[PDB]
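Numbering of the sequence shown is given in the deposited numbering, commencing with residue 1 and proceeding in unit increments.
Here is the structure we will look at.
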Amino acid sequence: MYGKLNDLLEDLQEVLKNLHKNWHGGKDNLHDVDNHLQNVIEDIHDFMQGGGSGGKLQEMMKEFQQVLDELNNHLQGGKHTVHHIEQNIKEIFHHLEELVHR
């Protein structure tokens, strides 16, 4: 049953696109950061179906948030970006940890 939670996860990954233009410089350095995120989306997507559920969202969660670390720690005068990505991502763990812990 658990799987549609992904529909909410998508926003996060797409929210990063903005982060790239306001994390510090461009996408070049973010590519290595959002890579963690994007790579996590699958770890989470493949999780929704019990491919490591109730256990990966704890250590993997920080993996999607860490992306906003390099970013949030270098808001290159573009808080408005991350603000939208942090409110989304930081609010992602909710619909995330809320799924397995529902």
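All residues carry an ideal CB built from backbone N, CA and C; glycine is no exception.
Spatial neighbours of residue i in its chain, beta-carbon cut-off 7 Å, leaving aside the 5 residues before and after
i     : result
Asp11 : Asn88
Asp43 : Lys56 and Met60
Check whether residue i and residue j have beta carbons under 8 Å apart
i           : j     : result
residue 148 : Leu57 : This structure does not reach residue 148, given that the chain is present from 1 up to 102, and the question cannot be answered.
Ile85       : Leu68 : yes
Local conformation of residue i per DSSP, three classes
i      : result
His101 : coil
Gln76  : coil
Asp28  : coil
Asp43  : helix
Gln49  : coil
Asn88  : helix
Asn18  : helix
Spatial neighbours of residue i in its chain, beta-carbon cut-off 6 Å, leaving aside the 5 residues before and after
i     : result
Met61 : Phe93
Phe64 : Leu37 and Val40
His45 : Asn6
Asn72 : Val82
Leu8  : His95
Exercise. Are at least three pairs of beta-carbons, each pair with one atom in the segment 7 to 23 and one in the segment 72 to 84, less than 8 Å apart?
Worked result: yes
For this session: Please confirm if the segment 47 to 54 is in contact with the segment 30 to 39, defined as three or more CB-CB distances below 8 Å between the two stretches.
Result: no
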